[PDB]
Amino acid sequence: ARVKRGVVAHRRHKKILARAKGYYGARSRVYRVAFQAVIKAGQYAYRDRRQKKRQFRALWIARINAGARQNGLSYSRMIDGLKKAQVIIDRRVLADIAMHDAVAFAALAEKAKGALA
Amino acid sequence: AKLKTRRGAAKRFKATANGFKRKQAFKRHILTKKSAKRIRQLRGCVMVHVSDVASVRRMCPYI
Amino acid sequence: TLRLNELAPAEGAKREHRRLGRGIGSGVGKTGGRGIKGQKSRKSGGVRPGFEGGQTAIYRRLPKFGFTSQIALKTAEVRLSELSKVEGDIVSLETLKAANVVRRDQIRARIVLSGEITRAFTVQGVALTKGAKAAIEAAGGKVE
Amino acid sequence: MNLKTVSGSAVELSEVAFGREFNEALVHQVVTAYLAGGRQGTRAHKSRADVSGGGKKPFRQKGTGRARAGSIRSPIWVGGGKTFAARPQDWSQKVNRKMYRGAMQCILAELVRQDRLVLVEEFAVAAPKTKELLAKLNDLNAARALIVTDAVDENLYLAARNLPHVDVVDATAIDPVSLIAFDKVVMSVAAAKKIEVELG
RNA sequence: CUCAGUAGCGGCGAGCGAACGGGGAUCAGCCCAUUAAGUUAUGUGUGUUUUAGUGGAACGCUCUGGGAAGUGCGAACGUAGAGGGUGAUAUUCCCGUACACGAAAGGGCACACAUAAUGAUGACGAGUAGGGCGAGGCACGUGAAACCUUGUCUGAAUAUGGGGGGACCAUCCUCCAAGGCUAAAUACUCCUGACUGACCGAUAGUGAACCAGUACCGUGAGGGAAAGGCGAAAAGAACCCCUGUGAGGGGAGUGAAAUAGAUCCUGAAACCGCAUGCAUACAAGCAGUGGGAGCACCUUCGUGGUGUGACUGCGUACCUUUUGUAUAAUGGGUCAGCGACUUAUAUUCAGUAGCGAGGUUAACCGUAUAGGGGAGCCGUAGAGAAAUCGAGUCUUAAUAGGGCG
RNA sequence: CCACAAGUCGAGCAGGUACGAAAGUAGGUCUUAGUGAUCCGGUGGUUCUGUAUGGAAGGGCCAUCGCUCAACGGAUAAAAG
């Protein structure tokens, strides 16, 4: 029972090369180079699925800081005031309101500052 | 082919009901200086230690 | 049922054999379970049985003892319960050999008390232990 | 056991030969053993010693820049020997006598249970003509069949030789694979009695 | 085939390794000078086989199609439904197959007869048996070393005799050396015929599917390749045009198909062009990844699809070997194909199946995976170096004690 | 105590004994170093074995002897640059 390797080997190499579409030079043409490039891409994606949450939280905090300083507070004081006033709205929604509706953010700042007083 | 016994080991070990028995060393010569207690306590057969049983089994497959 | 494509072995009767050196996922890839370097990782790598690295071996630092008897190789031992295989009621060396409880090259036999018998036997020219003789007589037999 | 022939008469068959409970694992082992025993096992390959040439070292050990080589017939090189060259093999297995008999009894009991066995008082043909046997089987509703007879008549043999899916055998020549392969088994009463004496 | 990896041999190391007995295959004895069985040639007569060959059954419509053996419907032969071919897949189209028949001539084997030869220079075994010295063979390495062969030196008795039974002696048992012949069971395949394969399918299988032991290499012995495929049928492209009366092409024509057009089935990857869309000439690094504007085409008009990725956070390949490698430590120019835990026997453990105080046959016979074959092996009892005893036994003066059970 | 092979302490029971009136003490010396496995052979005993049988030779068991094998768990009987 002699077994030839061609069809299965060709299919495997072709699947790797298909996942390597768009890369520069030999990384999309040569199997040895393309195979290393796909594994490293997978590792990078795994790590960046964790990095993404940190980056977006930092962005929300920056936009909230800008809104609070326009309304006369700092980010830390505004967060403290809201926590003392029992408001449980999160930073993503607070940043959305800060960017798109200034009057509602001013009302939230008034609530926080009243709680601080 | 067939497994072959190590005849040197076959001349040294014999099988009991649950193990192997052996003779004791240091009783061949230089006996005057040895005390009577050693002379009479090194006489007779003892059992093969559990650490050497496996090797004895590999060396003597049919006993 | 009962077709050549509807028959299977009992569960647990067959296993796949171990194939070394076929990739990371298999768990026995690369070195194939042999470890890293040394004599045992080479082809035909084991040392001779009884070799202990150079110190005097267990079977050579101990003394030899005894001698081998030749009549013991032709003496035969028979359990009492084995007497039931004998056809007839005469127990002798020839009838034991015919019943195949004794090898054809044994010159004498001994009967020991190991089991039980119910029939009455007559024993001729076969040695008996005290317990075996008591059992044979208690079951109704006799000797010569 | 009491079983009727095709024409309504009664026959008495032993429970041991025709009523034993089915053991699929045992039957599978025996059938696989028979199929393995059918193999021929004739083949060979040439190792690095058997291949022509290759006695001399191709080039010196050091200084050339090549990977070191000892022969042009190494199993790494194209055209070299096979690493593990095969030899003719024997594929037969040992089957215990009692295991074979028990498997045969189980197979016959299952055939009786599934009604693929037909008992016939007498089975004979008058001339070695295929059409006569075909008509007899067609009226018996046994178009595809193994016919087990006590003693094989020449006319029966010659009539059956050319029929597809029809075979004829003696009572002492039945085998576990052929008992299963065919759709129905037509058995004479004398053959059943002899098989009973043989205990399956 | 067992006995048995037993008894033994062995720097008593590594290792080497019987016999007796039992079960099978095949079976057979005959002679030493008037000379046997047998064998080989020659010739004759019977039987068998072989080297060419002859006959050999039975299918039509309909659909798809370049082509029917394929679809649907309904028939026939079968002692023939093995195989091969035919424009795709045929028991009834062809060659054949089951079966029946056949030899001027020639050869092989077997049996009987006849004529030679040979067995057969040999008539009961003397430089022989035995011994001293040195070696060889026996499972047996000088060992307590019997037995066999002999290079050298010697040397009997001769049936009231002689050889052997593992140093040697006695007794018992057994055999008759120093003269011969003899089939079968056993070993093998350069060859010839038939058949078969859970053997290969052109980097495989022979080195060799092809004008291969060739080309080529070497003074020589010797070493030793690569290279299969148009189409069913050449129907292998008349004639016209560009060009050098070239190569190569464009029409026309053949074909089911010419991107089947001659190194011609299919035609993958590395590698090299042309066309379209987007990005790119103020910006520093394993080239991606998470975000993300704009543009182009498509569109079920979007919280859609496809291509591109300005700007931005993070981010020093893979394998091996190492305490530890981005390491300036090893290996890889790339692609495609090939390339490494096997097979036989023995043994131990774990699963699983049968039988169960029992289980199981080996060689072998066998119209042969069946059925026979019980020799043998494992289990059922230990203690002791052993003789011996035996649910006990060894040690000892001991029934005490203790060790193995 | 200890990988193994080895090593160390030991009350008490039986027999024979010495010294004490006796209860008793004694299985070497205050203790911890003064040492060498297996193989091969020698010597004294022995109710074991004894290749047809009776013996014997040889072997076994008990006691004991031969190594500066000191590279001291000791690759050979036998070895420098």
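Numbered from 1 within each chain, the chains take letters A, B, ... in sequence-line order. Heavy atoms only: backbone and side chains are in, while hydrogens, waters and symmetry mates are out.
Rounding to whole angstrom units, CD of residue C/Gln106 and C1' of E/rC3 are separated by 11 Å. Across the protein-nucleic acid pair, B/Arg7 atom CZ and E/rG15 atom P stand 13 Å apart, rounded to whole Å. As rounded to whole Å, 8 Å separates atom P of F/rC40 from atom CZ of B/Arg28. Distance, C/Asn100 CG to E/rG358 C1': 14 Å, rounded to whole Å.
The torsion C1'-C2'-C3'-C4' is the criterion here, and for E/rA103 it is negative, giving a south pucker. With a negative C1'-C2'-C3'-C4' torsion, the sugar ring of E/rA120 falls in the south range. Nucleotide E/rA7 shows a positive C1'-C2'-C3'-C4' value and thus a north, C3'-endo-like sugar.
Applying the Watson-Crick and G-U wobble criteria (two distances, each under 3.5 Å), E/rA184 pairs with nothing in any strand. Shown here, F/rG28 forms no base pair; nothing in the strands shown gives a Watson-Crick or G-U wobble contact with both key distances under 3.5 Å. Nucleotide E/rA100 forms a Watson-Crick or G-U wobble pair with E/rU54, both donor-acceptor distances falling under 3.5 Å.
Nucleic acid contact class of C/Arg104 (heavy atoms, under 4.0 Å, all strands): sugar-phosphate only. Counting non-hydrogen atoms under 4.0 angstrom, A/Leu17 reaches nothing in the nucleic acid. Nucleic acid contact class of B/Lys4 (heavy atoms, under 4.0 Å, all strands): base. Residue C/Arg22 is in sugar-phosphate contact alone, with no base atom involved, counting any heavy-atom pair closer than 4.0 Å across all strands shown. Looking at heavy-atom distances under 4.0 Å, B/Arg38 makes contact with sugar-phosphate atoms alone, never a base. Contacts of A/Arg49 with the nucleic acid, taken as non-hydrogen atoms under 4.0 Å apart, are absent. Contact annotation for C/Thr56: base contact, defined as any heavy-atom pair under 4.0 Å involving a base atom. Backbone-only contact: B/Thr16 has heavy atoms under 4.0 Å from sugar-phosphate atoms and none from a base. Looking at heavy-atom distances under 4.0 Å, D/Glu132 makes no contact with the nucleic acid at all. Residue A/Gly25 is classed as having no contact, given no heavy-atom separation below 4.0 Å to the nucleic acid. C/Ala72 comes within 4.0 angstrom of sugar-phosphate atoms only, judged by non-hydrogen atoms across all strands, and of no base. Among the protein residues, A/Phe35 comes within range of no part of the nucleic acid, since none of its heavy atoms lies under 4.0 Å from any strand.
Going from the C1' atom of E/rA104 to that of E/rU97 covers 32 Å, rounded to whole Å. Across E/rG402 and E/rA386, the matching P atoms stand 25 Å from one another, rounded to whole Å. For the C1' atoms, the distance from E/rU192 to E/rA212 is 26 Å, rounded to whole Å. Comparing E/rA36 with E/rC181, their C1' atoms are spaced 10 Å from each other, to the whole Å. With both ends at atom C1', the span from F/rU47 to F/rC61 equals 13 Å, rounded to whole Å. Nucleotides E/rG359 and E/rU343 are separated by 35 Å at their P atoms, to the nearest Å. The separation of E/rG55 from E/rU71, taken at their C1' atoms, amounts to 39 Å, rounded to a whole angstrom.
For the OP1/OP2 pair of F/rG36 and a distance below 4.0 Å, the side-chain nitrogens and oxygens of B/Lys33 include at least one atom meeting the criterion. Put simply, C/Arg79 has a side-chain N or O that comes within less than 4.0 Å of OP1 or OP2 on E/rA381. Side-chain N/O atoms of B/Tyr62 include none lying less than 4.0 angstrom from OP1 or OP2 on E/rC377. Considering only side-chain N and O atoms, C/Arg48 lies nowhere under 4.0 angstrom from the phosphate OP1 or OP2 of E/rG15. Proximity of B/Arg6 to the phosphate of E/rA14: a side-chain N or O atom is located under 4.0 Å from OP1 or OP2.
For the strand neighbours E/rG373 and E/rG374, base stacking is absent under the 5.5 Å centre-distance and 30-degree plane-angle rule. Base stacking between strand neighbours F/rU64 and F/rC65 is detected by the criterion of six-membered ring centres within less than 5.5 Å and interplanar angle below 30°. Bases of consecutive nucleotides E/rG22 and E/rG23 are stacked, their six-membered rings being centred less than 5.5 Å apart at a plane angle below 30°. A stacking criterion of 5.5 Å and 30° is met by the six-membered base rings of adjacent nucleotides F/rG42 and F/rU43. Neighbours E/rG15 and E/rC16 form a stacked pair of bases, judged on six-membered rings within the 5.5 Å and 30° limits.
Nearest to the side chain of C/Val112, among E/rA381, E/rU342, E/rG405, sits E/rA381.
Using a 4.0 Å cut-off between charged side-chain N and carboxylate O, C/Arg79 and C/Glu77 make a salt bridge.
Stacking of A/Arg50 on the aromatic ring of A/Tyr46 is recorded, both the 6.0 Å distance cut-off and the 45° axial limit being met. A cation-pi geometry, defined here as NZ or CZ lying under 6.0 Å from the six-membered ring centre and within 45° of its normal, does not hold between D/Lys82 and D/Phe84.
E/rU51 takes the anti form, because its glycosidic angle lies more than 90° either side of 0. E/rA104: glycosidic angle within 90° of 0, hence syn. In E/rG81 the base sits syn relative to the sugar, since the glycosidic angle is no further than 90° from 0. Annotated as syn: E/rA88, whose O4'-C1'-N torsion sits within 90° of 0. E/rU367 has its base syn relative to the sugar, with a glycosidic angle deviating from 0 by at most 90°.
Of the residues near RNA chain E, D/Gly37 and C/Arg18, the one whose nearest nucleotide (by heavy atom distance) lies more toward the 5' end is C/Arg18. In terms of position along RNA chain F, the nucleotide closest to C/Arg61 lies nearer the 5' end than the nucleotide closest to the other residue of the pair C/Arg61 and C/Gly66.
In this structure, C/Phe67 does not count as stacked on the base of F/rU49 under the 5.5 Å centre distance and 30° plane angle limits.
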